Amino acid sequence: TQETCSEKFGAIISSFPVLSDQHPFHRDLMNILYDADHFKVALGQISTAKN
Amino acid sequence: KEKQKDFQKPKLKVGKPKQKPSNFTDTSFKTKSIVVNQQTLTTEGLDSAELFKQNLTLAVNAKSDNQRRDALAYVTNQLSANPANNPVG
Amino acid sequence: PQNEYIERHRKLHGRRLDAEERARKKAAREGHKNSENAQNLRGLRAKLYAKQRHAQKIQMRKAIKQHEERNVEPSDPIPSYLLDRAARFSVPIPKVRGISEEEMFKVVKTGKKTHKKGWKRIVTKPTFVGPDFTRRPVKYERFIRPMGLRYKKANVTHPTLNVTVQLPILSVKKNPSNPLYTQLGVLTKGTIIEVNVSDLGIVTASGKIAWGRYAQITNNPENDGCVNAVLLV
Amino acid sequence: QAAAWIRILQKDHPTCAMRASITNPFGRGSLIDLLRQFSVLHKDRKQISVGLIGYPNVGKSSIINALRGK
Amino acid sequence: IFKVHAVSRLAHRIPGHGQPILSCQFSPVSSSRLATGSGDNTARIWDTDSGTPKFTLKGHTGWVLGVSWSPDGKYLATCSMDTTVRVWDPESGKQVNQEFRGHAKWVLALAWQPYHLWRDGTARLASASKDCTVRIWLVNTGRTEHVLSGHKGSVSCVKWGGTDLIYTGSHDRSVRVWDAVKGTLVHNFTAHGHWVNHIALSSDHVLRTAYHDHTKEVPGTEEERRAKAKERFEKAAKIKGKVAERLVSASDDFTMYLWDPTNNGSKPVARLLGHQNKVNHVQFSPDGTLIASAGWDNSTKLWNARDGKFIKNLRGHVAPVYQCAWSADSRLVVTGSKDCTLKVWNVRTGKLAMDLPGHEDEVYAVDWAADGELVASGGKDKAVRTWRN
Amino acid sequence: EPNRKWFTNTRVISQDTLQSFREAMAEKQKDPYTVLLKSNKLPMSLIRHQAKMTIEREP
């Protein structure tokens, strides 16, 4: 059960773009479309649930 | 006397000070210092006078024949090189 | 493609020529399909389907009740400052199941021959080993309290405030089955423990902080993996 | 260099210098005295246990042999 | 200004309520009108000069937990068990407009806006309920202007200050200060360790009466009346030359706190310590120098209102003291307790001036008239009692 | 069995005493060469949200 949960959570985390590694145009475009705080909080809650 | 109640009522003793309450918290503590009894390894910061006195002490009280020989040879070498190099006289 | 391209395709070209008719026919056959699923699904799929349909029926009838009534307490009167309020100084669980000494302890066999020596007893229920605990040397330890069965905190709930805080444990005061279990610090159901209540803001009549209070375990930690307790206020 | 490392480590924790040899040990008396001090601190218990940790091949069993004499 | 003498005898005992009386207040303009709300789903108006019933206010389907007069005295608000607040005309006894609906659970406390802060030709009323919400109602329209939410427990007490501030003490161990105009949270104090039963303001006595005073006259126009009410509020809340409302909060953790949100922010002025049980009621003196607290430890305590220092304690009761009420001259306090008795205490001497028996069951609601002629009591005996000298 | 002492505070301590104890203990763990005496009988239990707010404001 925990292997299935960890595999799916890692697939969610490792596939979504990381804003700290994007070009400033792409990062700020994601910030315009999406609240970057909300994006990072959602992915951090995913990682917290995994751990 | 073999009965074991959950709580034991304290018994008042006449002529003695009253005991502290059961909820009293004692914050007094005593501390002891851990010390490592080992000399400095390099023995280079010490001056020639302290080297003289230490090697004399090891020459007198050492349990190793070779160590006593080396200490006596060293103090003899310093006394031969300079008779003024005698802090203890 | 970029952006709302399937929506743009539907705008510029439409859908399949039978799409609305097939959607209507499927919605019409939905009742027959639901009855066929209710009468022909088997096993765990059938049980989950039945539970989910029961939930839908409850939600639906609640919706009917709400839409029908869209247009429409203690026995003795008490003032507003006496609302939500509640001798014999009894604990919430005055009696639990007694635990035998095989259910508490199992026999740890030691030696190298075919006939082993079985003087070591391992505690099977969770324990609170206490503060600044160092394990006894192996030649002299009889009662093994394993590291994975040691608990240092408990989910303690306040009966009046109706809030649950995770509080540290200070000592085990009484295990009702055996005084030896209390001496070993075994956490079982109905065990009185002492907890640090500094996080609840309990204060005496002058200002001293009350940081130690009794609580009682209300769950089975060996079956639930957690220690749940109720404050004795 | 050994004395400098002893200074750096004694900023953090009580440290001893050691040559773990059965025939020719160094620091054995200081380590015995330190363990005696810790026994004086924990005299209420019947005995104290001193566990040796570290990387492989640092000299844990050799230190035990040097302290034991055998 | 004037001396209020201690009441010593029963004036009139009036029956009429079929259930225990839960709340009572005198009218702000005069002591002739007394409004009680009981568990018989009704409120009642009493003419105390003749000791007679006047109006029987019906319409609630639950116990009327709270009655509250308007500061100008032209309205009476009743909050009940049935999640409703109703506004009534006290000179005629008929309900004004419809009932105020929107609360989900039991409505416990009411607070009228001060008369010098009314705007848009209407009055505003804050209702605190068990559903962790405080709703602000426009009296003339019956519509909710703001909903203050954020508490994790039932809001047991609400006060409306003279600077458009909402003080709410709740069962989630917190007291909150809200902006009345914008409906936003300003301050959140969480220093208490248990339920906050009651809060009191340093200007509560003048905010209850607005422009009404000992002169018994009314200013000719509305702006003069509002200026007089504002002047009285500023005189009562003047601390070191600056207006600053002081808030005392009593809790079930045996303690009280004194707050000055204007000058100290979230830091309390002092913690009032000494009660051996839960503190039920707390109230400032009208002159603003003393604080009286009634506890569940059979005692009342007096504190200095500037630093929270204990002065004296009043112990005559054998059952928990439920309410305390000051006199207008700040010399006497009447305490109504569970032991079926009222006791009038002289606070300058610290002694029992008068004892008032006569209630056969527990006493729930005690009030003193603003002009100090009468003391009203009600409880589980279902009959209201008036006390005079 | 029912007992009145189950519903009482078992350990209480005053503000100044607790503050002095905490200050002295912190000064004690400042020095790594000092070890306590009878630490098992000392009250050592006394010594030892931006994401939530943002999600609460904007779901």
# chains A, B, ... in the order shown; residues from 1 in each chain; ligands from 1
$ residues_around --residues "residue 55 of chain F" --least-positions-apart "5" --cutoff "12 Å" --atoms "only C-alpha atoms" --output "number ranges by chain"
A: 35, 37-42, 45; F: 49-50
$ write_last_selection --atoms "C-alpha atoms" --output "compact mmCIF listing (two decimals), in the first residue's frame"
# COMPACT_ATOMS: atom_id res chain seq x y z
CA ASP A 35 -0.88 31.78 -7.74
CA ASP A 37 2.12 30.31 -3.58
CA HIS A 38 -0.90 28.05 -4.16
CA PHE A 39 1.07 25.88 -6.61
CA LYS A 40 3.98 25.40 -4.20
CA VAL A 41 1.66 24.80 -1.23
CA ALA A 42 -0.27 22.15 -3.18
CA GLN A 45 1.22 19.16 0.80
CA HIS F 49 1.46 28.52 9.25
CA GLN F 50 1.72 30.70 6.15
$ residues_around --residues "residue 102 of chain C" --least-positions-apart "6" --cutoff "12 Å" --atoms "only C-alpha atoms" --output "PyMOL selection string"
chain C and resi 108+121-125
$ residues_around --residues "residue 326 of chain E" --least-positions-apart "4" --cutoff "12 Å" --atoms "only C-alpha atoms" --output "number ranges by chain"
E: 4-6, 204-205, 281-288, 290-294, 302, 330-336, 343-347, 366-372, 375
$ write_last_selection --atoms "C-alpha atoms" --output "PDB file, in the first residue's frame"
ATOM      1  CA  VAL E   4     -27.920  55.965  45.223  1.00  0.00           C
ATOM      2  CA  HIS E   5     -29.091  54.499  48.521  1.00  0.00           C
ATOM      3  CA  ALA E   6     -29.053  50.772  49.224  1.00  0.00           C
ATOM      4  CA  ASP E 204     -20.656  49.948  29.218  1.00  0.00           C
ATOM      5  CA  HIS E 205     -22.697  52.033  31.682  1.00  0.00           C
ATOM      6  CA  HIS E 281     -19.739  37.666  35.684  1.00  0.00           C
ATOM      7  CA  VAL E 282     -17.463  40.707  35.583  1.00  0.00           C
ATOM      8  CA  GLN E 283     -18.370  44.379  35.358  1.00  0.00           C
ATOM      9  CA  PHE E 284     -16.763  47.807  35.626  1.00  0.00           C
ATOM     10  CA  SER E 285     -18.005  50.429  38.040  1.00  0.00           C
ATOM     11  CA  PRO E 286     -19.725  53.444  36.411  1.00  0.00           C
ATOM     12  CA  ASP E 287     -16.899  55.792  37.437  1.00  0.00           C
ATOM     13  CA  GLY E 288     -14.383  53.420  35.827  1.00  0.00           C
ATOM     14  CA  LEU E 290     -13.307  49.484  40.139  1.00  0.00           C
ATOM     15  CA  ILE E 291     -13.923  46.030  38.680  1.00  0.00           C
ATOM     16  CA  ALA E 292     -16.342  43.609  40.352  1.00  0.00           C
ATOM     17  CA  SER E 293     -16.237  39.881  39.643  1.00  0.00           C
ATOM     18  CA  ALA E 294     -18.593  37.134  40.811  1.00  0.00           C
ATOM     19  CA  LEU E 302     -12.912  43.901  43.736  1.00  0.00           C
ATOM     20  CA  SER E 330     -20.148  53.282  42.387  1.00  0.00           C
ATOM     21  CA  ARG E 331     -20.538  52.755  46.154  1.00  0.00           C
ATOM     22  CA  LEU E 332     -22.742  49.644  46.260  1.00  0.00           C
ATOM     23  CA  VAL E 333     -22.893  46.373  44.351  1.00  0.00           C
ATOM     24  CA  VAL E 334     -25.763  43.873  44.418  1.00  0.00           C
ATOM     25  CA  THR E 335     -24.870  40.212  43.974  1.00  0.00           C
ATOM     26  CA  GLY E 336     -27.480  37.634  43.071  1.00  0.00           C
ATOM     27  CA  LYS E 343     -26.767  40.798  48.852  1.00  0.00           C
ATOM     28  CA  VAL E 344     -26.105  44.542  48.702  1.00  0.00           C
ATOM     29  CA  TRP E 345     -22.472  45.293  49.549  1.00  0.00           C
ATOM     30  CA  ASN E 346     -20.875  48.629  50.393  1.00  0.00           C
ATOM     31  CA  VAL E 347     -17.571  48.582  48.522  1.00  0.00           C
ATOM     32  CA  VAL E 366     -30.113  40.776  38.531  1.00  0.00           C
ATOM     33  CA  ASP E 367     -30.110  44.397  37.396  1.00  0.00           C
ATOM     34  CA  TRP E 368     -29.967  47.833  39.022  1.00  0.00           C
ATOM     35  CA  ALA E 369     -31.696  50.881  37.547  1.00  0.00           C
ATOM     36  CA  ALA E 370     -29.509  53.502  35.882  1.00  0.00           C
ATOM     37  CA  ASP E 371     -30.992  56.177  38.147  1.00  0.00           C
ATOM     38  CA  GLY E 372     -30.654  53.744  41.060  1.00  0.00           C
ATOM     39  CA  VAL E 375     -33.252  46.627  41.774  1.00  0.00           C
TER      40      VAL E 375
END
$ residues_around --residues "residue 184 of chain C" --least-positions-apart "6" --cutoff "8 Å" --atoms "only C-alpha atoms" --output "MDAnalysis selection string"
chainID C and resid 127:129
$ interface_residues --of "chain D" --to "chain C" --cutoff "10 Å" --atoms "only C-alpha atoms" --output "list in words"
residues 45, 46, 47, 48 and 49 of chain D
$ write_last_selection --atoms "N, CA and C atoms" --output "PDB file, in the first residue's frame"
ATOM      1  N   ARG D  45      23.367   3.334  39.910  1.00  0.00           N
ATOM      2  CA  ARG D  45      23.192   2.104  39.159  1.00  0.00           C
ATOM      3  C   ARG D  45      24.272   1.098  39.548  1.00  0.00           C
ATOM      4  N   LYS D  46      23.956  -0.185  39.369  1.00  0.00           N
ATOM      5  CA  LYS D  46      24.893  -1.240  39.736  1.00  0.00           C
ATOM      6  C   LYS D  46      26.111  -1.290  38.826  1.00  0.00           C
ATOM      7  N   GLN D  47      25.955  -0.955  37.549  1.00  0.00           N
ATOM      8  CA  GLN D  47      27.070  -0.894  36.613  1.00  0.00           C
ATOM      9  C   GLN D  47      26.687   0.048  35.481  1.00  0.00           C
ATOM     10  N   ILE D  48      27.703   0.522  34.767  1.00  0.00           N
ATOM     11  CA  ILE D  48      27.520   1.362  33.592  1.00  0.00           C
ATOM     12  C   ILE D  48      27.997   0.586  32.375  1.00  0.00           C
ATOM     13  N   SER D  49      27.437   0.920  31.218  1.00  0.00           N
ATOM     14  CA  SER D  49      27.812   0.305  29.956  1.00  0.00           C
ATOM     15  C   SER D  49      28.349   1.377  29.021  1.00  0.00           C
TER      16      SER D  49
END
$ closest_atom_pairs --of "chain F" --to "chain A" --cutoff "12 Å" --atoms "only C-alpha atoms" --output "JSON lines"
{"residue": "F:49", "atom": "CA", "partner": "A:41", "partner_atom": "CA", "distance": 11.1}
{"residue": "F:50", "atom": "CA", "partner": "A:41", "partner_atom": "CA", "distance": 9.4}
{"residue": "F:51", "atom": "CA", "partner": "A:41", "partner_atom": "CA", "distance": 6.1}
{"residue": "F:52", "atom": "CA", "partner": "A:41", "partner_atom": "CA", "distance": 9.0}
{"residue": "F:53", "atom": "CA", "partner": "A:41", "partner_atom": "CA", "distance": 11.1}
{"residue": "F:54", "atom": "CA", "partner": "A:38", "partner_atom": "CA", "distance": 7.8}
{"residue": "F:55", "atom": "CA", "partner": "A:38", "partner_atom": "CA", "distance": 7.4}
{"residue": "F:56", "atom": "CA", "partner": "A:38", "partner_atom": "CA", "distance": 11.1}
{"residue": "F:57", "atom": "CA", "partner": "A:38", "partner_atom": "CA", "distance": 11.2}
{"residue": "F:58", "atom": "CA", "partner": "A:38", "partner_atom": "CA", "distance": 8.7}
{"residue": "F:59", "atom": "CA", "partner": "A:38", "partner_atom": "CA", "distance": 8.8}
$ closest_residue --among "B:24, B:14, B:47, B:86" --to "chain C" --atoms "only C-alpha atoms"
B:24
$ interface_residues --of "chain D" --to "chain F" --cutoff "9 Å" --atoms "only C-alpha atoms" --output "PyMOL selection string"
chain D and resi 11-14+41-42
$ write_last_selection --atoms "N, CA, C and O atoms" --output "PDB file, in the first residue's frame"
ATOM      1  N   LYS D  11      36.527  21.578  21.667  1.00  0.00           N
ATOM      2  CA  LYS D  11      35.535  22.650  21.616  1.00  0.00           C
ATOM      3  C   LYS D  11      34.113  22.094  21.684  1.00  0.00           C
ATOM      4  O   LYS D  11      33.222  22.728  22.260  1.00  0.00           O
ATOM      5  N   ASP D  12      33.882  20.911  21.110  1.00  0.00           N
ATOM      6  CA  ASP D  12      32.546  20.328  21.043  1.00  0.00           C
ATOM      7  C   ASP D  12      32.260  19.359  22.189  1.00  0.00           C
ATOM      8  O   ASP D  12      31.326  19.573  22.967  1.00  0.00           O
ATOM      9  N   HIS D  13      33.047  18.297  22.303  1.00  0.00           N
ATOM     10  CA  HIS D  13      32.794  17.220  23.248  1.00  0.00           C
ATOM     11  C   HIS D  13      34.082  16.883  23.979  1.00  0.00           C
ATOM     12  O   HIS D  13      35.175  17.190  23.490  1.00  0.00           O
ATOM     13  N   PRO D  14      33.987  16.279  25.167  1.00  0.00           N
ATOM     14  CA  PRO D  14      35.195  15.772  25.831  1.00  0.00           C
ATOM     15  C   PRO D  14      35.889  14.714  24.987  1.00  0.00           C
ATOM     16  O   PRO D  14      35.290  13.711  24.597  1.00  0.00           O
ATOM     17  N   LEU D  41      29.739   9.296  38.702  1.00  0.00           N
ATOM     18  CA  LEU D  41      28.458   9.940  38.405  1.00  0.00           C
ATOM     19  C   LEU D  41      27.277   8.975  38.446  1.00  0.00           C
ATOM     20  O   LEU D  41      26.221   9.337  38.976  1.00  0.00           O
ATOM     21  N   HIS D  42      27.419   7.770  37.907  1.00  0.00           N
ATOM     22  CA  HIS D  42      26.323   6.806  37.879  1.00  0.00           C
ATOM     23  C   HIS D  42      26.523   5.696  38.906  1.00  0.00           C
ATOM     24  O   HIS D  42      26.255   4.523  38.639  1.00  0.00           O
TER      25      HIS D  42
END
$ interface_residues --of "chain F" --to "chain C" --cutoff "10 Å" --atoms "only C-alpha atoms" --output "list in words"
residues 1, 2, 3, 4, 5, 6, 7, 8, 9, 10, 11, 12, 13, 14, 15, 16, 17, 18, 39, 40, 41, 42, 43, 44, 45, 46 and 48 of chain F
$ atom_distance --atom1 "atom CA of residue 60 of chain D" --atom2 "atom CA of residue 42 of chain B"
24.2 Å
$ atom_distance --atom1 "atom CA of residue 207 of chain E" --atom2 "atom CA of residue 161 of chain E"
7.7 Å
$ residues_around --residues "residue 76 of chain C" --least-positions-apart "4" --cutoff "12 Å" --atoms "only C-alpha atoms" --output "ChimeraX atom specification"
/C:82-83 /E:18-22,38-40,62-63,380
